[PDB]
Amino acid sequence: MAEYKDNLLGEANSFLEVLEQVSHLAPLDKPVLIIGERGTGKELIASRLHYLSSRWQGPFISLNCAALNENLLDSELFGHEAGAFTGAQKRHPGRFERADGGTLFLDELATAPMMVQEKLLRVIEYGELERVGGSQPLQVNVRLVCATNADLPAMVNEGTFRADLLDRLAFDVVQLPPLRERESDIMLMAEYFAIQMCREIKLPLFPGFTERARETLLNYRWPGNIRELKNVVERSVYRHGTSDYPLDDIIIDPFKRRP
Amino acid sequence: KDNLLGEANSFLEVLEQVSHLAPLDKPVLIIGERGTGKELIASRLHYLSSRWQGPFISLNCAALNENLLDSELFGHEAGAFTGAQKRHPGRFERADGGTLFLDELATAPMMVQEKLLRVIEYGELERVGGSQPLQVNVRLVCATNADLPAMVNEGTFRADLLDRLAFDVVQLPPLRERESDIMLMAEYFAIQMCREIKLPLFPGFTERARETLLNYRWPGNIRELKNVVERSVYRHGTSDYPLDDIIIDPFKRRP
Amino acid sequence: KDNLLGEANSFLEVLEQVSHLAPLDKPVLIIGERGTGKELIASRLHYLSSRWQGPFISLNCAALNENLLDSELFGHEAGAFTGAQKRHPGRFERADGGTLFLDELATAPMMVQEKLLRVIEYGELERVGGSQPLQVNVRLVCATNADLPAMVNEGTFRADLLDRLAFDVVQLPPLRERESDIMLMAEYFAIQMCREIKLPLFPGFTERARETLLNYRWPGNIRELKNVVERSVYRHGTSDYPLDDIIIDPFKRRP
Amino acid sequence: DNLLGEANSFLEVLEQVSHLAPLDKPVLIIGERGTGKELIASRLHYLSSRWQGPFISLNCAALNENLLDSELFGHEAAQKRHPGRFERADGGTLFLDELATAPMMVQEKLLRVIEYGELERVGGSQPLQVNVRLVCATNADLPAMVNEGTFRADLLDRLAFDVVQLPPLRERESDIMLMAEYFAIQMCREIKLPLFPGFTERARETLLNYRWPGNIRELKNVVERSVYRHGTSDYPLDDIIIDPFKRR
Amino acid sequence: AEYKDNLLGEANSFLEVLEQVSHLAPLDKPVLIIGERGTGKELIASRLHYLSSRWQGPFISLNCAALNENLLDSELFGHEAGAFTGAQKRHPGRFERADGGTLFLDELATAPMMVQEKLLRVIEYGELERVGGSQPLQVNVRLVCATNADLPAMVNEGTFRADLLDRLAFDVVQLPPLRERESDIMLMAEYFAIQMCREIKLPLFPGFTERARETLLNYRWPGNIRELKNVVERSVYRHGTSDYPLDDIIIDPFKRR
Amino acid sequence: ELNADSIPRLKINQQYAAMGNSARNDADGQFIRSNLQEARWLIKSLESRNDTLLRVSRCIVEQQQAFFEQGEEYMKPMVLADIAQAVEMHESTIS
Amino acid sequence: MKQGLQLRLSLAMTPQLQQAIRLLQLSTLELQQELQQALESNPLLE
Ligand SMILES: Nc1ncnc2c1ncn2[C@@H]1O[C@H](COP(=O)(O)OP(=O)(O)O)[C@@H](O)[C@H]1O
Ligand SMILES: Nc1ncnc2c1ncn2[C@@H]1O[C@H](COP(=O)(O)OP(=O)(O)O)[C@@H](O)[C@H]1O
Ligand SMILES: Nc1ncnc2c1ncn2[C@@H]1O[C@H](COP(=O)(O)OP(=O)(O)O)[C@@H](O)[C@H]1O
Ligand SMILES: Nc1ncnc2c1ncn2[C@@H]1O[C@H](COP(=O)(O)OP(=O)(O)O)[C@@H](O)[C@H]1O
Ligand SMILES: Nc1ncnc2c1ncn2[C@@H]1O[C@H](COP(=O)(O)OP(=O)(O)O)[C@@H](O)[C@H]1O
Ligand SMILES: [Mg+2]
Ligand SMILES: [Mg+2]
Ligand SMILES: [Mg+2]
Ligand SMILES: [Mg+2]
Ligand SMILES: [Mg+2]
């Protein structure tokens, strides 16, 4: 029962209601699936969910989804009891076995191996698993956390994602307000990022943002929800001088052509 | 026994067929019906069978690794690698007469199918460089969510795999097809969820809305359709709330 | 001694050819459809061969992968090899003087075929750290369901090796092609199942069942007959009430 | 010593092979599914001064590359001094077979053995150079296949000074009937048959209408199949076993 | 430490790049170097690391492109303890080098998509690449990138994720083309000639013919330093004993006669 | 280098080995053989311990040359694992 | 890397002898006392 709000920024839009729904769903230990904004914000959502989870509930096990071509991933998921599977020849617990009662922060990497997803379907079937060469199965308990970045029904119709994979998962869907849609805390989040950047660079004083910069930010597409904006703020701070005439000069990103 | 039942006439006929096939240890290929075939029903059938007294155990066909499939059939082999030196028997040998329920049958590899069906149809427990293989008559049953004849026409599965089935392929009716105990099943699921949601009882309910929700596609699984009731209960989070004007569409974005 | 389910004029000619086959360990090949069971007939002939009491190898070829002959076939009796310290037996070596039946040799690796080429050409090739190998006195046997005539044309196996692997290759006519004595086989299977299912007696098949069996495609041939027997065991009904007809279809809807 | 059908071109080739037999130069042979010169290679070893010398003929297809150098005089960590590939063949004929489908690591090892390289394994730091007469066969791959990049060009350069050409059985089959009769007699002795009932000349001519893809192997297989089909020696056979893989 | 700028580019573009590097040196963020074949990008990155506030502990410039497999690069990023068996080197050492240091890579376009995703996941968290049965260690490490291929081109190709490209690209260092630079090229050539005359211990420096210098300038010389050093060595091999100004270029081994 | 005087040294009793090898009594010969095996194991263990100590000292000096030459001020912060990394032995052997 | 088993060739529980040997190297002057004690028992070591 701790706050651990951390850098929870950009909630002036309906993201406040999303956070309220997340808080409502936090007590339940059922499957947790989300839809993060493409390019930014999924990590923040995962951190918010972990904060919603009790600090003493268990370790926050996070894995980036990967194909089954790496047998190490299979050993991490199913386990490794026999030799030549993982670690020593003994029962080296897998990543799923590493998480006992903790959050399983899944990643929607859309990995090519549907076999990996099929294996993970058994990972959450009744709360049990068997290691590689495991003489006896082991019933395990752990929390599950998931997110998304594309249209799941489109992949289901197209067959890119297994129908059973979607059916077993996604007890409820959590949608992230898009950066082109949130557009509410742009000033507030930008100010927070600017303050953090000024503190990091030991800037003597806040430089301030021109109204033209705000208009450009409003016109900006902002593909990344909370990271691209922060990166743009950092790039502008790099090209600007705090409490000086260079503060007007703002750089969107080094990727853009130099002025 | 412990598992809840559909309690339908078609469900009753399926249970009667399962009871008739219970003493038989021959292979079965009851259709998985794409999530509609309760694996708990197969577990209860194994319980009715003498394999319950024996070592009944199941596994997922697609869980094994490509390079360890021979090991998966025969456990850890003594001479396979330098580290492990012990003739550990296979999972089937770990059963050796129990009820082996094959899941993910349609997802098995072609080489895996060729090895497994050939071994199961005839052959004894031979490890890597074994002296003499040991014959272990283990009761078998398989599940297939898709149409095996469709795979045969596509040729993905072997004809020997088709013949691997020894019992009739028991098929469960679809949720849209069955739709018989939907009210009673929904009530039981709601009671279970309320116990899980720490709710004593729901003061509000509407049987008409429950029937309307039953009149749905119910894709994925019948249990998946029941999970919609739990999702709606969690979203409402209230007891004095009738089932009327309530629809569970987690995928759909609310306005 | 050797129980036979096939009693036909073509089957009689095949049995005579088996009698015309002696224990010369020649590269004969029994060819038959899925579920032909010609491997059992080959084992019976091997028992009737010169080695009346001799070894026999099932040797499901699909289980071999990334393993040389000296892994399971020839064996590794030498110590300090890859792995722990021990001496391993060899299936092909242990089978010397007995029978070496190849189970579904059509499904084999290209390198496996390359090794088997010399293994059959010489008979003394493989050795786990040995200079000169010893010729094996075993009898070479094989049986599958594929048609090598096209596989060789497709390059799936070495034409020279396959020709060397072929000496007195014999093709078993399909049971569907035979289309005879099906009623006798059905009655025998009914008796065997009534013994197995502890049934009082065979219910009996009317003219409708006989016509259905005659009109049955029976693509599995003897395998189809076994599947029909299993279905009739499932479709036993009442012994007093003769079964007017008995049919089986994996995808047939219940209604 | 070696029994085979005799042809004028084959006789000249055998004479040349016997002349080269006393020479211990490396040999690269190409076969045509017939005798394959393996019997010719053994006869050459017998005719050479290495008649009593080692005649190790390694069919290089079943080995594992993880112990490939182990095969070619390689030993490491309890028992040592294991006879190497060249060591076991030292002082005599060193024949290589199954060379068509060998791994590229085997090609590199052969290129090293072309200059005889050295075998500095933990079991022994031998300089190799066993000086035994090398010989290679089972060259199923065509010269174009070598030109197709399948094999190392240096190994082809490292090959023998000449190439042993083999003609098809269809090219010369005058003595094929005599060889078939001898094989029939040998099988009748093996099958404990009373005597040869004979062969129909018309049926023999009909059987002669074939390309003999397996050459002597095809002839032997056809003779065995026909003898097994006859199953008796009362009257001469008047039929041809066209193919065991033929519907009937 | 102190940045080393021996034979620094006389072109004002090089001076501006050095000024930007000095400005970014106190900062701690990833950097992208838009370089060319032998343009001198990695040496510039090393000089920046020398100027990057402290000496920044270990400095490793391992390139994923010049690796046998992407799995080897992943093991260098992080080695799971007990995974597989044996190794050509202590793989965790590469990860430990970044600890108390920065990350430098060359030809990052060749990195596998899975490897790129693992690196992107590591960078945001800072933890060790391979868990090895234990929680990965968040080592305080900076980063630097140097790829001739365009980042927007990679984004169009889609090999690198949008988050990977965005968070990875914090600073851009566009190396001026070697052919484009002329005054800096001449200054660097003179410095290299002096350094070679010293190192080769030749009693007298031959210098450079005007025709030879004009021919050298006429050469495209994409390798601002690599090709420059190769041509210097080619001329040194044709040692004229300080009397032959021909400066024959034997750098191309294929070229003969 | 290890101090030559300080390092203990053991020598196998040649007269005793000769007597045991030609011992008429089988039991006496077996006892002599067991004693010889034990003594050989002890001698090998002592020699290996001395060699391991010498190698560990050399490795430690390789990294502590700065403190050895400049003085205590130029002492590199070193841990047991640091020394264990340069050698093939474990930190337990280092301790 | 690639999954597999033993395909080419390549540890120990030290007993009381080697265990006491490991227990040795604790000191040098004290080690001499133990060595003299052992040499007293062992009749084939000088
Ligand atoms: N309020 C906030 N607090 C903390 N981080 C934020 C906030 N808003 C945006 N972010 C940033 O947005 C980024 C979202 O990245 P992520 O969702 O992991 O990318 P992707 O969706 O491509 O996987 C995070 O790295 C985070 O730093
Ligand atoms: N009668 C029932 N009562 C309660 N739960 C059931 C019932 N039937 C099925 N289930 C649920 O269905 C899930 C299994 O789905 P299942 O129908 O076995 O899928 P599949 O057809 O793919 O095997 C189990 O978790 C179980 O809780
Ligand atoms: N001679 C026979 N008489 C009766 N049934 C037979 C006979 N041969 C085979 N079968 C049937 O065939 C089945 C096994 O065939 P199988 O061995 O798979 O054929 P194949 O040799 O093509 O692999 C058995 O269930 C058996 O009932
Ligand atoms: N001149 C001959 N005399 C006796 N037998 C022969 C003769 N030529 C060929 N053969 C037979 O033909 C077979 C061909 O075997 P092999 O040399 O392995 O063929 P390939 O060269 O295709 O590998 C041999 O087993 C041999 O018995
Ligand atoms: N400003 C400079 N002063 C002196 N030498 C330089 C300078 N820039 C680059 N070099 C030289 O160029 C050589 C190659 O540098 P670089 O191309 O960055 O390495 P890499 O081949 O790893 O990209 C280095 O050895 C360095 O000595
Ligand atoms: Mg299922
Ligand atoms: Mg079969
Ligand atoms: Mg051959
Ligand atoms: Mg470089
Ligand atoms: Mg991400």
# chains A, B, ... in the order shown; residues from 1 in each chain; ligands from 1
>>> residues_around(residues="residue 196 of chain D", least_positions_apart="2", cutoff="7 Å", atoms="only C-alpha atoms", output="PyMOL selection string")
chain D and resi 185+198+233
>>> residues_near_ligand(ligand="ligand 2", cutoff="9 Å", atoms="only C-alpha atoms and all ligand atoms", output="PyMOL selection string")
(chain A and resi 125-126+164) or (chain B and resi 3-7+31-42+103-104+143-145+172+185+188-189+220-224+226)
>>> write_last_selection(atoms="C-alpha atoms", output="compact mmCIF listing (two decimals), in the first residue's frame")
# COMPACT_ATOMS: atom_id res chain seq x y z
CA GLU A 125 -3.98 -22.61 -18.72
CA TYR A 126 -4.52 -23.73 -15.12
CA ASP A 164 -6.74 -19.15 -28.90
CA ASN B 3 -15.87 -30.95 -12.78
CA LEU B 4 -19.13 -29.15 -13.52
CA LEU B 5 -21.18 -30.46 -16.43
CA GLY B 6 -23.19 -28.88 -19.22
CA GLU B 7 -26.27 -30.83 -18.05
CA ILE B 31 -12.54 -33.26 -31.20
CA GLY B 32 -11.29 -30.24 -29.27
CA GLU B 33 -14.03 -28.20 -30.98
CA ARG B 34 -11.91 -25.02 -30.79
CA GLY B 35 -12.09 -24.41 -27.05
CA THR B 36 -15.56 -25.92 -26.55
CA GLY B 37 -14.38 -29.38 -25.39
CA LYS B 38 -13.82 -29.21 -21.64
CA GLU B 39 -10.52 -30.90 -20.81
CA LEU B 40 -11.98 -31.46 -17.34
CA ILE B 41 -14.47 -33.80 -19.03
CA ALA B 42 -11.55 -35.86 -20.36
CA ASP B 103 -3.07 -31.61 -26.37
CA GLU B 104 -1.81 -29.44 -29.23
CA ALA B 143 -7.70 -33.72 -28.70
CA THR B 144 -7.97 -31.84 -31.99
CA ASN B 145 -9.69 -28.45 -32.14
CA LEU B 172 -18.90 -31.20 -28.28
CA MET B 185 -24.33 -22.13 -16.45
CA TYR B 188 -23.23 -20.83 -11.64
CA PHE B 189 -20.47 -18.73 -13.19
CA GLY B 220 -13.28 -18.57 -28.88
CA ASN B 221 -14.76 -20.91 -26.27
CA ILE B 222 -17.85 -21.52 -24.18
CA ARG B 223 -15.67 -20.79 -21.16
CA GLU B 224 -14.55 -17.66 -23.01
CA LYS B 226 -18.67 -17.30 -19.61
>>> closest_atom_pairs(of="chain E", to="ligand 10", cutoff="8 Å", atoms="only C-alpha atoms and all ligand atoms", output="Markdown table")
| residue | atom | partner | partner_atom_place_in_ligand_line | distance |
| --- | --- | --- | --- | --- |
| E:117 | CA | ligand 10 | 1 (Mg) | 7.9 |
| E:120 | CA | ligand 10 | 1 (Mg) | 7.6 |
| E:121 | CA | ligand 10 | 1 (Mg) | 6.8 |
| E:163 | CA | ligand 10 | 1 (Mg) | 6.6 |
>>> closest_residue(among="E:204, E:236, E:31, E:162", to="ligand 1", atoms="only C-alpha atoms and all ligand atoms")
E:162
>>> interface_residues(of="chain A", to="chain E", cutoff="10 Å", atoms="only C-alpha atoms", output="ChimeraX atom specification")
/A:38-40,43,59,61,63-67,70,72,76,84-89,92-95,98,109,111,200-201,223-224,227-228,230-232,234-235,238-239,253-256,258
>>> residues_near_ligand(ligand="ligand 8", cutoff="12 Å", atoms="only C-alpha atoms and all ligand atoms", output="count of residues only")
43
>>> calpha_fit_rmsd(fixed="chain B", moving="chain C")
2.2 Å
>>> residues_near_ligand(ligand="ligand 5", cutoff="8 Å", atoms="only C-alpha atoms and all ligand atoms", output="list in words")
residues 4, 5, 6, 7, 8, 9, 37, 38, 39, 40, 41, 42, 43, 44, 45, 46, 61, 106, 188, 223, 224, 225 and 226 of chain E
>>> write_last_selection(atoms="N, CA and C atoms", output="mmCIF file, in the first residue's frame")
data_model
loop_
_atom_site.group_PDB
_atom_site.id
_atom_site.type_symbol
_atom_site.label_atom_id
_atom_site.label_comp_id
_atom_site.auth_asym_id
_atom_site.auth_seq_id
_atom_site.Cartn_x
_atom_site.Cartn_y
_atom_site.Cartn_z
ATOM 1 N N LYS E 4 42.037 13.898 -27.564
ATOM 2 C CA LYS E 4 43.177 13.900 -28.470
ATOM 3 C C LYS E 4 42.690 14.217 -29.875
ATOM 4 N N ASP E 5 43.200 15.309 -30.443
ATOM 5 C CA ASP E 5 42.798 15.727 -31.777
ATOM 6 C C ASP E 5 44.016 15.888 -32.675
ATOM 7 N N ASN E 6 44.920 14.910 -32.640
ATOM 8 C CA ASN E 6 46.088 14.933 -33.511
ATOM 9 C C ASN E 6 45.657 14.925 -34.970
ATOM 10 N N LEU E 7 46.266 15.809 -35.760
ATOM 11 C CA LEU E 7 45.908 15.997 -37.165
ATOM 12 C C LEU E 7 44.417 16.302 -37.310
ATOM 13 N N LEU E 8 43.926 17.188 -36.446
ATOM 14 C CA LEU E 8 42.526 17.587 -36.498
ATOM 15 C C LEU E 8 42.226 18.301 -37.808
ATOM 16 N N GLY E 9 40.998 18.131 -38.296
ATOM 17 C CA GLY E 9 40.594 18.724 -39.553
ATOM 18 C C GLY E 9 40.711 20.232 -39.579
ATOM 19 N N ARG E 37 32.978 5.333 -44.987
ATOM 20 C CA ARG E 37 34.010 4.304 -44.983
ATOM 21 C C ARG E 37 35.369 4.920 -44.681
ATOM 22 N N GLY E 38 35.917 4.623 -43.507
ATOM 23 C CA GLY E 38 37.193 5.197 -43.103
ATOM 24 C C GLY E 38 37.159 6.699 -42.933
ATOM 25 N N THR E 39 36.017 7.242 -42.505
ATOM 26 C CA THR E 39 35.885 8.690 -42.387
ATOM 27 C C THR E 39 36.567 9.214 -41.128
ATOM 28 N N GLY E 40 36.839 8.337 -40.167
ATOM 29 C CA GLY E 40 37.366 8.752 -38.886
ATOM 30 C C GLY E 40 36.343 8.880 -37.781
ATOM 31 N N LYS E 41 35.160 8.282 -37.941
ATOM 32 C CA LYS E 41 34.088 8.465 -36.967
ATOM 33 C C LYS E 41 34.437 7.851 -35.616
ATOM 34 N N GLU E 42 34.959 6.623 -35.612
ATOM 35 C CA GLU E 42 35.224 5.941 -34.347
ATOM 36 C C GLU E 42 36.331 6.636 -33.562
ATOM 37 N N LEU E 43 37.342 7.159 -34.260
ATOM 38 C CA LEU E 43 38.376 7.932 -33.582
ATOM 39 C C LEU E 43 37.795 9.196 -32.962
ATOM 40 N N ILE E 44 36.861 9.843 -33.662
ATOM 41 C CA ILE E 44 36.186 11.011 -33.104
ATOM 42 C C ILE E 44 35.392 10.624 -31.864
ATOM 43 N N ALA E 45 34.726 9.468 -31.904
ATOM 44 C CA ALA E 45 33.985 8.996 -30.739
ATOM 45 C C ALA E 45 34.918 8.725 -29.567
ATOM 46 N N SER E 46 36.081 8.133 -29.838
ATOM 47 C CA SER E 46 37.060 7.887 -28.783
ATOM 48 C C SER E 46 37.566 9.196 -28.191
ATOM 49 N N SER E 61 34.932 -0.204 -28.171
ATOM 50 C CA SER E 61 34.336 0.139 -29.456
ATOM 51 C C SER E 61 33.987 -1.105 -30.269
ATOM 52 N N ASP E 106 30.018 0.142 -34.199
ATOM 53 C CA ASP E 106 30.272 0.537 -35.578
ATOM 54 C C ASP E 106 29.416 -0.310 -36.507
ATOM 55 N N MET E 188 45.809 17.181 -42.885
ATOM 56 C CA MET E 188 45.955 15.819 -42.390
ATOM 57 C C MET E 188 47.016 15.054 -43.165
ATOM 58 N N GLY E 223 38.149 6.899 -47.655
ATOM 59 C CA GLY E 223 38.738 6.593 -46.368
ATOM 60 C C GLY E 223 39.593 7.723 -45.838
ATOM 61 N N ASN E 224 38.937 8.767 -45.321
ATOM 62 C CA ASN E 224 39.575 9.986 -44.827
ATOM 63 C C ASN E 224 40.875 9.723 -44.075
ATOM 64 N N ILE E 225 40.920 8.645 -43.301
ATOM 65 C CA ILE E 225 42.116 8.241 -42.578
ATOM 66 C C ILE E 225 42.585 6.854 -43.006
ATOM 67 N N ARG E 226 41.650 5.911 -43.147
ATOM 68 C CA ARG E 226 42.022 4.551 -43.529
ATOM 69 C C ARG E 226 42.665 4.524 -44.909
#
>>> atom_distance(atom1="atom CA of residue 27 of chain D", atom2="atom CA of residue 95 of chain D")
8.6 Å
>>> select_by_dssp(residues="segment 87-138 of chain D", states="helix (DSSP H, G or I)", output="ChimeraX atom specification")
/D:87-88,104-114
>>> write_last_selection(atoms="N, CA, C and O atoms", output="mmCIF file, in the first residue's frame")
data_model
loop_
_atom_site.group_PDB
_atom_site.id
_atom_site.type_symbol
_atom_site.label_atom_id
_atom_site.label_comp_id
_atom_site.auth_asym_id
_atom_site.auth_seq_id
_atom_site.Cartn_x
_atom_site.Cartn_y
_atom_site.Cartn_z
ATOM 1 N N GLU D 87 47.378 -43.229 -40.652
ATOM 2 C CA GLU D 87 48.226 -44.139 -39.894
ATOM 3 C C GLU D 87 47.798 -45.590 -40.084
ATOM 4 O O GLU D 87 48.632 -46.478 -40.298
ATOM 5 N N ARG D 88 46.490 -45.848 -40.001
ATOM 6 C CA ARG D 88 45.983 -47.188 -40.264
ATOM 7 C C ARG D 88 46.192 -47.598 -41.714
ATOM 8 O O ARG D 88 46.337 -48.792 -41.998
ATOM 9 N N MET D 104 32.326 -30.082 -46.438
ATOM 10 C CA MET D 104 33.389 -29.165 -46.835
ATOM 11 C C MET D 104 34.566 -29.201 -45.870
ATOM 12 O O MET D 104 35.703 -28.936 -46.283
ATOM 13 N N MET D 105 34.324 -29.516 -44.597
ATOM 14 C CA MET D 105 35.424 -29.708 -43.660
ATOM 15 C C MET D 105 36.301 -30.874 -44.094
ATOM 16 O O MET D 105 37.531 -30.826 -43.972
ATOM 17 N N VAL D 106 35.679 -31.937 -44.608
ATOM 18 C CA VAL D 106 36.445 -33.050 -45.161
ATOM 19 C C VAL D 106 37.248 -32.590 -46.370
ATOM 20 O O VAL D 106 38.370 -33.051 -46.597
ATOM 21 N N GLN D 107 36.685 -31.678 -47.166
ATOM 22 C CA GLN D 107 37.422 -31.132 -48.302
ATOM 23 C C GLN D 107 38.653 -30.361 -47.839
ATOM 24 O O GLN D 107 39.735 -30.489 -48.422
ATOM 25 N N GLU D 108 38.503 -29.554 -46.785
ATOM 26 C CA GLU D 108 39.648 -28.826 -46.244
ATOM 27 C C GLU D 108 40.694 -29.783 -45.682
ATOM 28 O O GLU D 108 41.900 -29.576 -45.863
ATOM 29 N N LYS D 109 40.248 -30.836 -44.995
ATOM 30 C CA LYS D 109 41.181 -31.828 -44.470
ATOM 31 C C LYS D 109 41.928 -32.532 -45.598
ATOM 32 O O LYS D 109 43.133 -32.782 -45.495
ATOM 33 N N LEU D 110 41.226 -32.860 -46.685
ATOM 34 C CA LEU D 110 41.877 -33.480 -47.834
ATOM 35 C C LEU D 110 42.871 -32.528 -48.485
ATOM 36 O O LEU D 110 43.944 -32.949 -48.930
ATOM 37 N N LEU D 111 42.526 -31.242 -48.559
ATOM 38 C CA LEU D 111 43.459 -30.253 -49.091
ATOM 39 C C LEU D 111 44.713 -30.174 -48.228
ATOM 40 O O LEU D 111 45.829 -30.040 -48.741
ATOM 41 N N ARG D 112 44.541 -30.244 -46.906
ATOM 42 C CA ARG D 112 45.693 -30.295 -46.012
ATOM 43 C C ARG D 112 46.510 -31.561 -46.241
ATOM 44 O O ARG D 112 47.746 -31.528 -46.211
ATOM 45 N N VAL D 113 45.834 -32.688 -46.468
ATOM 46 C CA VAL D 113 46.528 -33.960 -46.653
ATOM 47 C C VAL D 113 47.162 -34.034 -48.037
ATOM 48 O O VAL D 113 47.945 -34.949 -48.326
ATOM 49 N N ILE D 114 46.819 -33.094 -48.921
ATOM 50 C CA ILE D 114 47.422 -33.075 -50.252
ATOM 51 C C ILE D 114 48.928 -32.876 -50.146
ATOM 52 O O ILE D 114 49.712 -33.588 -50.785
#
>>> residues_around(residues="residue 118 of chain D", least_positions_apart="2", cutoff="12 Å", atoms="only C-alpha atoms", output="list in words")
residues 69, 72, 73, 74, 84, 86, 87, 109, 110, 111, 112, 113, 114, 115, 116, 120, 121, 124, 125, 126, 127, 128, 129 and 130 of chain D
>>> write_last_selection(atoms="N, CA and C atoms", output="compact mmCIF listing (two decimals), in the first residue's frame")
# COMPACT_ATOMS: atom_id res chain seq x y z
N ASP D 69 39.00 -34.41 -37.57
CA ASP D 69 40.44 -34.45 -37.31
C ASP D 69 40.79 -35.60 -36.38
N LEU D 72 41.31 -38.43 -38.69
CA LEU D 72 42.60 -38.30 -39.38
C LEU D 72 43.70 -38.05 -38.35
N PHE D 73 44.00 -39.10 -37.58
CA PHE D 73 45.09 -39.08 -36.60
C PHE D 73 44.90 -37.98 -35.56
N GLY D 74 43.77 -38.01 -34.88
CA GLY D 74 43.48 -37.06 -33.82
C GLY D 74 43.06 -37.76 -32.54
N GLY D 84 45.33 -43.56 -36.64
CA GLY D 84 44.72 -42.53 -37.44
C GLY D 84 44.25 -43.04 -38.79
N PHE D 86 45.22 -41.99 -41.86
CA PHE D 86 46.39 -42.28 -42.68
C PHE D 86 47.31 -43.28 -41.98
N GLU D 87 47.38 -43.23 -40.65
CA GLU D 87 48.23 -44.14 -39.89
C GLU D 87 47.80 -45.59 -40.08
N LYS D 109 40.25 -30.84 -44.99
CA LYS D 109 41.18 -31.83 -44.47
C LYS D 109 41.93 -32.53 -45.60
N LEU D 110 41.23 -32.86 -46.69
CA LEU D 110 41.88 -33.48 -47.83
C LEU D 110 42.87 -32.53 -48.48
N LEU D 111 42.53 -31.24 -48.56
CA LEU D 111 43.46 -30.25 -49.09
C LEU D 111 44.71 -30.17 -48.23
N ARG D 112 44.54 -30.24 -46.91
CA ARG D 112 45.69 -30.29 -46.01
C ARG D 112 46.51 -31.56 -46.24
N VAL D 113 45.83 -32.69 -46.47
CA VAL D 113 46.53 -33.96 -46.65
C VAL D 113 47.16 -34.03 -48.04
N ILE D 114 46.82 -33.09 -48.92
CA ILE D 114 47.42 -33.08 -50.25
C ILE D 114 48.93 -32.88 -50.15
N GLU D 115 49.35 -31.91 -49.33
CA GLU D 115 50.75 -31.77 -48.95
C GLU D 115 51.09 -32.63 -47.74
N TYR D 116 50.16 -33.48 -47.31
CA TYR D 116 50.27 -34.39 -46.17
C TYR D 116 50.18 -33.63 -44.85
N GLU D 120 49.04 -32.63 -35.45
CA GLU D 120 49.58 -32.28 -34.14
C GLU D 120 48.50 -32.39 -33.07
N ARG D 121 47.86 -33.55 -32.98
CA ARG D 121 46.82 -33.73 -31.99
C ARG D 121 47.42 -33.98 -30.61
N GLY D 124 49.13 -37.15 -30.32
CA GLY D 124 50.44 -37.20 -30.94
C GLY D 124 50.71 -36.07 -31.90
N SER D 125 51.94 -35.55 -31.89
CA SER D 125 52.35 -34.49 -32.81
C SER D 125 53.00 -35.07 -34.06
N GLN D 126 52.30 -35.97 -34.72
CA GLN D 126 52.87 -36.64 -35.89
C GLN D 126 52.92 -35.67 -37.06
N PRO D 127 53.95 -35.72 -37.90
CA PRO D 127 53.98 -34.89 -39.12
C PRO D 127 53.21 -35.48 -40.29
N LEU D 128 52.47 -36.56 -40.08
CA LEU D 128 51.74 -37.28 -41.14
C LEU D 128 52.78 -37.68 -42.19
N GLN D 129 52.57 -37.39 -43.48
CA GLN D 129 53.49 -37.79 -44.54
C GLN D 129 53.76 -39.29 -44.49
N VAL D 130 52.68 -40.07 -44.38
CA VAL D 130 52.81 -41.52 -44.25
C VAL D 130 53.36 -42.14 -45.52
>>> interface_residues(of="chain G", to="chain F", cutoff="7 Å", atoms="only C-alpha atoms", output="PyMOL selection string")
chain G and resi 21+25+42+44-46
